[PDB]
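What's in start_32.json: JSON, C-alpha atoms and all ligand atoms
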[["chain", "number", "residue", "atom", "x", "y", "z"],
["C", 5, "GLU", "CA", 0.00, 0.00, 0.00],
["C", 6, "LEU", "CA", 1.88, 3.04, -1.33],
["C", 7, "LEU", "CA", 0.78, 6.25, 0.38],
["C", 8, "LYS", "CA", 1.70, 9.82, -0.50],
["C", 9, "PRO", "CA", 4.79, 10.96, 1.43],
["C", 10, "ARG", "CA", 3.72, 13.94, 3.53],
["C", 11, "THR", "CA", 7.26, 15.27, 4.09],
["C", 12, "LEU", "CA", 10.84, 14.40, 3.22],
["C", 13, "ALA", "CA", 11.16, 12.48, 6.48],
["C", 14, "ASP", "CA", 8.00, 10.52, 5.61],
["C", 15, "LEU", "CA", 9.43, 9.78, 2.16],
["C", 16, "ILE", "CA", 12.62, 8.44, 3.74],
["C", 17, "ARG", "CA", 10.58, 6.17, 6.02],
["C", 18, "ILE", "CA", 8.59, 4.92, 3.01],
["C", 19, "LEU", "CA", 11.79, 4.28, 1.07],
["C", 20, "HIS", "CA", 13.15, 2.18, 3.90],
["C", 21, "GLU", "CA", 10.02, 0.06, 3.51],
["C", 22, "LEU", "CA", 10.39, -0.21, -0.28],
["C", 23, "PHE", "CA", 14.03, -1.28, 0.09],
["C", 24, "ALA", "CA", 13.48, -3.66, 3.03],
["C", 25, "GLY", "CA", 13.99, -6.64, 0.71],
["C", 26, "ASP", "CA", 16.55, -7.65, -1.90],
["C", 27, "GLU", "CA", 14.85, -6.41, -5.08],
["C", 28, "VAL", "CA", 13.52, -3.04, -6.21],
["C", 29, "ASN", "CA", 10.07, -2.26, -7.59],
["C", 30, "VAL", "CA", 11.19, 0.58, -9.81],
["C", 31, "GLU", "CA", 7.70, 1.78, -10.68],
["C", 32, "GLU", "CA", 6.65, 1.99, -7.02],
["C", 33, "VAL", "CA", 9.84, 3.84, -6.02],
["C", 34, "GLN", "CA", 9.41, 6.26, -8.88],
["C", 35, "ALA", "CA", 5.75, 6.80, -8.01],
["C", 36, "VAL", "CA", 6.47, 7.64, -4.37],
["C", 37, "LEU", "CA", 9.32, 9.96, -5.32],
["C", 38, "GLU", "CA", 7.05, 11.71, -7.81],
["C", 39, "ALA", "CA", 4.28, 12.00, -5.21],
["C", 40, "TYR", "CA", 6.45, 13.81, -2.65],
["C", 41, "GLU", "CA", 5.76, 17.51, -3.19],
["C", 42, "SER", "CA", 9.04, 19.31, -2.74],
["C", 43, "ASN", "CA", 9.03, 21.50, 0.37],
["C", 44, "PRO", "CA", 12.17, 23.65, 0.44],
["C", 45, "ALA", "CA", 12.22, 24.09, 4.21],
["C", 46, "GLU", "CA", 12.48, 20.31, 4.63],
["C", 47, "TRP", "CA", 15.67, 20.03, 2.58],
["C", 48, "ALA", "CA", 17.34, 23.42, 3.12],
["C", 49, "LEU", "CA", 19.86, 21.76, 5.46],
["C", 50, "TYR", "CA", 21.20, 19.69, 2.55],
["C", 51, "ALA", "CA", 21.14, 22.36, -0.15],
["C", 52, "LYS", "CA", 24.78, 23.36, 0.12],
["C", 53, "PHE", "CA", 25.99, 24.90, -3.14],
["C", 54, "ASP", "CA", 29.52, 25.44, -4.44],
["C", 55, "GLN", "CA", 30.42, 28.34, -6.71],
["C", 56, "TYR", "CA", 32.24, 26.26, -9.30],
["C", 57, "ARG", "CA", 30.44, 22.95, -9.73],
["C", 58, "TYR", "CA", 27.47, 20.95, -8.57],
["C", 59, "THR", "CA", 27.58, 19.36, -5.11],
["C", 60, "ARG", "CA", 26.43, 16.04, -3.73],
["C", 61, "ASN", "CA", 24.89, 16.14, -0.25],
["C", 62, "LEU", "CA", 24.17, 12.84, 1.44],
["C", 63, "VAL", "CA", 20.77, 12.66, 3.15],
["C", 64, "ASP", "CA", 20.29, 9.00, 4.06],
["C", 65, "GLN", "CA", 22.20, 5.76, 3.66],
["C", 66, "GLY", "CA", 19.13, 3.54, 3.43],
["C", 67, "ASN", "CA", 20.41, 1.07, 6.03],
["C", 68, "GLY", "CA", 22.95, 0.08, 3.36],
["C", 69, "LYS", "CA", 20.39, -0.48, 0.57],
["C", 70, "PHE", "CA", 20.59, 2.91, -1.09],
["C", 71, "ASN", "CA", 22.23, 6.31, -1.03],
["C", 72, "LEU", "CA", 19.76, 9.21, -0.98],
["C", 73, "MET", "CA", 21.41, 12.51, -1.76],
["C", 74, "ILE", "CA", 20.63, 16.05, -2.81],
["C", 75, "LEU", "CA", 22.53, 17.57, -5.72],
["C", 76, "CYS", "CA", 22.82, 21.35, -5.94],
["C", 77, "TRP", "CA", 23.46, 22.73, -9.41],
["C", 78, "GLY", "CA", 24.55, 26.33, -9.82],
["C", 79, "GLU", "CA", 23.66, 28.15, -12.98],
["C", 80, "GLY", "CA", 25.42, 26.41, -15.86],
["C", 81, "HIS", "CA", 26.66, 23.50, -13.75],
["C", 82, "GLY", "CA", 26.46, 20.06, -15.22],
["C", 83, "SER", "CA", 27.76, 16.55, -15.04],
["C", 84, "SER", "CA", 29.93, 14.34, -17.16],
["C", 85, "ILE", "CA", 28.42, 11.73, -19.42],
["C", 86, "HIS", "CA", 28.31, 8.90, -16.95],
["C", 87, "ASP", "CA", 27.08, 5.45, -16.03],
["C", 88, "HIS", "CA", 25.60, 4.28, -12.74],
["C", 89, "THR", "CA", 27.72, 1.31, -11.71],
["C", 90, "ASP", "CA", 25.09, -1.40, -12.14],
["C", 91, "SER", "CA", 22.68, 0.45, -9.85],
["C", 92, "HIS", "CA", 19.19, 1.83, -10.12],
["C", 93, "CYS", "CA", 19.24, 5.60, -10.26],
["C", 94, "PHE", "CA", 16.25, 7.82, -9.60],
["C", 95, "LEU", "CA", 16.40, 11.58, -10.02],
["C", 96, "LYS", "CA", 13.62, 13.84, -8.72],
["C", 97, "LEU", "CA", 13.69, 17.57, -9.27],
["C", 98, "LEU", "CA", 13.16, 19.57, -6.09],
["C", 99, "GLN", "CA", 13.80, 23.04, -7.55],
["C", 100, "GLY", "CA", 14.42, 24.36, -11.04],
["C", 101, "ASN", "CA", 14.92, 22.40, -14.23],
["C", 102, "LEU", "CA", 17.62, 20.07, -15.54],
["C", 103, "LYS", "CA", 18.41, 18.93, -19.06],
["C", 104, "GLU", "CA", 19.00, 15.18, -19.34],
["C", 105, "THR", "CA", 20.82, 13.99, -22.45],
["C", 106, "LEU", "CA", 20.85, 10.26, -23.17],
["C", 107, "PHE", "CA", 23.71, 8.42, -24.87],
["C", 108, "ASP", "CA", 24.22, 4.84, -25.91],
["C", 109, "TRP", "CA", 27.13, 2.84, -24.59],
["C", 110, "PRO", "CA", 30.12, 3.41, -26.90],
["C", 111, "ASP", "CA", 31.55, 0.72, -29.12],
["C", 112, "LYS", "CA", 35.21, -0.29, -28.96],
["C", 113, "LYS", "CA", 36.06, 2.00, -31.88],
["C", 114, "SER", "CA", 36.92, 5.56, -30.89],
["C", 115, "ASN", "CA", 34.09, 7.74, -32.20],
["C", 116, "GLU", "CA", 32.03, 10.75, -31.25],
["C", 117, "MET", "CA", 29.25, 9.92, -28.81],
["C", 118, "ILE", "CA", 26.07, 11.22, -30.44],
["C", 119, "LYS", "CA", 23.11, 11.93, -28.19],
["C", 120, "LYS", "CA", 20.13, 9.64, -28.63],
["C", 121, "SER", "CA", 17.64, 12.11, -27.11],
["C", 122, "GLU", "CA", 17.24, 14.89, -24.58],
["C", 123, "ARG", "CA", 14.53, 16.01, -22.25],
["C", 124, "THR", "CA", 13.84, 18.77, -19.79],
["C", 125, "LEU", "CA", 13.17, 17.52, -16.27],
["C", 126, "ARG", "CA", 10.90, 19.92, -14.42],
["C", 127, "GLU", "CA", 10.11, 20.60, -10.77],
["C", 128, "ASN", "CA", 8.78, 17.54, -8.91],
["C", 129, "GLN", "CA", 9.26, 15.14, -11.86],
["C", 130, "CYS", "CA", 11.12, 11.87, -11.07],
["C", 131, "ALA", "CA", 13.17, 10.21, -13.83],
["C", 132, "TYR", "CA", 14.98, 6.89, -13.83],
["C", 133, "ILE", "CA", 18.11, 5.50, -15.43],
["C", 134, "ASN", "CA", 20.18, 2.34, -15.28],
["C", 135, "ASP", "CA", 23.06, 1.01, -17.30],
["C", 136, "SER", "CA", 20.71, -1.15, -19.36],
["C", 137, "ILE", "CA", 18.95, 2.00, -20.58],
["C", 138, "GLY", "CA", 22.18, 3.84, -21.37],
["C", 139, "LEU", "CA", 24.35, 6.71, -20.20],
["C", 140, "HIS", "CA", 23.34, 10.27, -19.51],
["C", 141, "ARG", "CA", 24.53, 13.79, -18.83],
["C", 142, "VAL", "CA", 22.57, 16.07, -16.49],
["C", 143, "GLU", "CA", 22.94, 19.86, -16.75],
["C", 144, "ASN", "CA", 21.45, 22.99, -15.27],
["C", 145, "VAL", "CA", 21.41, 25.10, -18.42],
["C", 146, "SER", "CA", 19.71, 28.00, -16.67],
["C", 147, "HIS", "CA", 21.50, 31.35, -16.44],
["C", 148, "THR", "CA", 19.28, 32.54, -13.58],
["C", 149, "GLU", "CA", 17.93, 29.61, -11.52],
["C", 150, "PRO", "CA", 19.94, 27.18, -9.39],
["C", 151, "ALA", "CA", 18.52, 23.68, -9.47],
["C", 152, "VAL", "CA", 18.22, 21.09, -6.72],
["C", 153, "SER", "CA", 17.56, 17.41, -7.26],
["C", 154, "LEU", "CA", 17.01, 14.38, -5.07],
["C", 155, "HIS", "CA", 18.84, 11.25, -6.19],
["C", 156, "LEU", "CA", 18.48, 7.67, -5.03],
["C", 157, "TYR", "CA", 20.95, 4.95, -6.00],
["C", 158, "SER", "CA", 20.54, 1.32, -5.14],
["C", 159, "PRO", "CA", 22.82, -0.39, -4.36],
["C", 160, "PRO", "CA", 24.93, 2.54, -3.20],
["C", 161, "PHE", "CA", 28.06, 3.18, -5.24],
["C", 162, "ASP", "CA", 31.18, 5.25, -4.59],
["C", 163, "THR", "CA", 32.60, 5.23, -8.12],
["C", 164, "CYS", "CA", 31.42, 5.49, -11.71],
["C", 165, "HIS", "CA", 32.77, 6.27, -15.15],
["C", 166, "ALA", "CA", 32.93, 9.52, -17.05],
["C", 167, "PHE", "CA", 32.90, 9.21, -20.85],
["C", 168, "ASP", "CA", 34.73, 11.51, -23.25],
["C", 169, "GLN", "CA", 32.12, 12.71, -25.72],
["C", 170, "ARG", "CA", 34.74, 12.96, -28.50],
["C", 171, "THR", "CA", 35.91, 9.31, -28.30],
["C", 172, "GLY", "CA", 33.68, 7.26, -25.99],
["C", 173, "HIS", "CA", 36.73, 6.58, -23.81],
["C", 174, "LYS", "CA", 35.91, 6.07, -20.15],
["C", 175, "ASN", "CA", 37.72, 6.90, -16.94],
["C", 176, "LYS", "CA", 36.88, 5.83, -13.42],
["C", 177, "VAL", "CA", 35.86, 8.65, -11.10],
["C", 178, "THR", "CA", 35.23, 8.58, -7.36],
["C", 179, "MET", "CA", 32.09, 10.29, -6.09],
["C", 180, "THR", "CA", 32.79, 12.95, -3.47],
["C", 181, "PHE", "CA", 30.27, 14.23, -0.90],
["C", 182, "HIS", "CA", 30.19, 17.94, -0.15],
["C", 183, "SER", "CA", 28.19, 17.21, 3.00],
["C", 184, "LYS", "CA", 26.70, 14.29, 4.87],
["C", 185, "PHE", "CA", 23.60, 14.58, 7.06],
["C", 186, "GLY", "CA", 23.82, 18.38, 6.93],
["C", 187, "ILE", "CA", 27.51, 18.51, 7.96],
["C", 188, "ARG", "CA", 30.12, 19.77, 5.53],
["C", 189, "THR", "CA", 32.66, 17.04, 4.83],
["C", 190, "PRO", "CA", 35.99, 18.27, 3.37],
["W", 1, "FE", "FE", 23.41, 10.19, -13.51]]
Let me see the file written as structure tokens.
Amino acid sequence: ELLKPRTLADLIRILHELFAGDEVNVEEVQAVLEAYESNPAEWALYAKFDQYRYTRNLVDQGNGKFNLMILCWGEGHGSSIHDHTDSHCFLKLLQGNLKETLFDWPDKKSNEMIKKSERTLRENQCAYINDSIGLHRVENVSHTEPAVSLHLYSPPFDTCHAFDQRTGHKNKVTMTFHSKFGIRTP
């Protein structure tokens, strides 16, 4: 029985129920994330921006089943083209808009990675990606509005690959947290 999360804390409690077992009902997780109506006062603690690039702010560790984090995207900040390390990845907009560009996995031959599609993710919409679907880039293309998104990854992962758009070549990158549970973590 999926109920509407009344608050961020209620959402977290519901997520612990949805991840109590060993598998993931993607459609139910996405539905509950979509149904949470972003309330800025509930997540202000985690919305810690950096001037130069987007930040990752850990909210909950899901009793080991998932990482739940808030990403804070300054104007013009964006990600690499990246994978998700054999994990489910849900992305819900809490504030602003983000452009998501999808790419196929590269072949062995060095070639330009050509986007397969793009879409604008708007406030409160929850999207989903996994390595079977493909790779993506996420960007705040706004000149005037910072964006904030809520991301859930299951299982949690500390590393992933960035792909060079000119060649498809990949490099391993380690995820760094700007803060954890509201506390800045150098
Ligand atoms: Fe991603």
Exercise answer, 8 Å around ligand FE 1 (chain W) with all atoms listed in the file, as an mmCIF file with C-alpha atoms, in the coordinates of the input:
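Saved the output as out-v4.cif:
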data_model
loop_
_atom_site.group_PDB
_atom_site.id
_atom_site.type_symbol
_atom_site.label_atom_id
_atom_site.label_comp_id
_atom_site.auth_asym_id
_atom_site.auth_seq_id
_atom_site.Cartn_x
_atom_site.Cartn_y
_atom_site.Cartn_z
ATOM 1 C CA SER C 83 27.760 16.550 -15.040
ATOM 2 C CA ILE C 85 28.420 11.730 -19.420
ATOM 3 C CA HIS C 86 28.310 8.900 -16.950
ATOM 4 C CA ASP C 87 27.080 5.450 -16.030
ATOM 5 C CA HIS C 88 25.600 4.280 -12.740
ATOM 6 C CA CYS C 93 19.240 5.600 -10.260
ATOM 7 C CA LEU C 95 16.400 11.580 -10.020
ATOM 8 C CA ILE C 133 18.110 5.500 -15.430
ATOM 9 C CA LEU C 139 24.350 6.710 -20.200
ATOM 10 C CA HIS C 140 23.340 10.270 -19.510
ATOM 11 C CA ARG C 141 24.530 13.790 -18.830
ATOM 12 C CA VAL C 142 22.570 16.070 -16.490
#
For CA of residue 109 in chain C and CA of residue 123 in chain C, the interatomic separation in Å (one decimal)
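Spanning CA of residue 109 in chain C to CA of residue 123 in chain C is a straight-line distance of 18.4 Å.
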Contact residues around residue 11 in chain C with all atoms listed in the file at 12 Å, ignoring same-chain residues under 3 positions, as a ChimeraX atom specification
/C:7-8,14-18,36-37,39-47
Computed gap from CA of residue 178 in chain C to CA of residue 159 in chain C is 15.6 Å
Rounded to one decimal place, report the CA of residue 60 in chain C-CA of residue 130 in chain C distance in Å.
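If I compute the distance from CA of residue 60 in chain C to CA of residue 130 in chain C, I get 17.5 Å.
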Spatial neighbours of range 183-185 of chain C, 6 Å, all atoms listed in the file, chain gap at least 6 places, as a CSV table (one decimal) with C-alpha atoms, in the frame of the given file:
chain,number,residue,atom,x,y,z
C,61,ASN,CA,24.9,16.1,-0.2
C,62,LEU,CA,24.2,12.8,1.4
C,63,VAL,CA,20.8,12.7,3.2
Using only C-alpha atoms, tabulate the residues of range 17-76 of chain C lying at most 7 Å from any atom of range 146-157 of chain C, each with its closest atom pair and that distance in Å to one decimal, by chain and increasing residue number, as a tab-separated table.
residue	atom	partner	partner_atom	distance
C:70	CA	C:157	CA	5.3
C:71	CA	C:157	CA	5.3
C:72	CA	C:156	CA	4.5
C:73	CA	C:155	CA	5.3
C:74	CA	C:154	CA	4.6
C:75	CA	C:153	CA	5.2
C:76	CA	C:152	CA	4.7
Selection above as a file: C-alpha atoms, as a CSV table (one decimal), in the coordinates of the input:
chain,number,residue,atom,x,y,z
C,70,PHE,CA,20.6,2.9,-1.1
C,71,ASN,CA,22.2,6.3,-1.0
C,72,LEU,CA,19.8,9.2,-1.0
C,73,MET,CA,21.4,12.5,-1.8
C,74,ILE,CA,20.6,16.0,-2.8
C,75,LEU,CA,22.5,17.6,-5.7
C,76,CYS,CA,22.8,21.4,-5.9
Name the residues in contact with residue 119 in chain C at a cut-off of 9 Å, using only C-alpha atoms, excluding same-chain residues fewer than 6 positions from it; report them as a count of residues only.
5
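With all atoms listed in the file as the atoms that count, the minimum distance from residue 125 in chain C to the choices C:144, C:180, C:29, C:89 is reached by C:144.
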Taking all atoms listed in the file into account, name the residue in C:171, C:163, C:114, C:101 that is nearest to residue 129 in chain C.
C:101
Of the candidates C:122, C:26, C:90, C:111, which one gets nearest to residue 134 in chain C if we count all atoms listed in the file?
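Of C:122, C:26, C:90, C:111, the one nearest residue 134 in chain C, counting all atoms listed in the file, is C:90.
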Which residue, C:162, C:79, C:38, C:135, has the smallest gap to residue 98 in chain C when you use only C-alpha atoms?
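Checking each candidate against residue 98 in chain C, we get C:38 as the closest.
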Out of C:58, C:50, C:104, C:24, which residue has the shortest atom-to-atom distance to residue 131 in chain C when counting all atoms listed in the file?
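Answer, going by the shortest atom-to-atom distance: C:104.
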Need to verify the contact set: residue 113 in chain C, 12 Å, all atoms listed in the file, exclusion of same-chain residues closer than 5 positions in sequence. Can you return it as a VMD selection string?
chain C and resid 170 to 173
Prev. selection, C-alpha atoms, output as a short mmCIF file (atom, residue, chain, number, x, y, z; two decimals), in the coordinates of the input:
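Saved the output as selection_2.cif:
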data_model
loop_
_atom_site.label_atom_id
_atom_site.label_comp_id
_atom_site.auth_asym_id
_atom_site.auth_seq_id
_atom_site.Cartn_x
_atom_site.Cartn_y
_atom_site.Cartn_z
CA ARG C 170 34.74 12.96 -28.50
CA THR C 171 35.91 9.31 -28.30
CA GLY C 172 33.68 7.26 -25.99
CA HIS C 173 36.73 6.58 -23.81
#
List as an NGL selection string the protein and nucleic acid residues near residue 127 in chain C, meaning an atom at most 6 Å away when all atoms listed in the file are counted, but skip any in the same chain fewer than 5 places from it.
:C and (97-100)
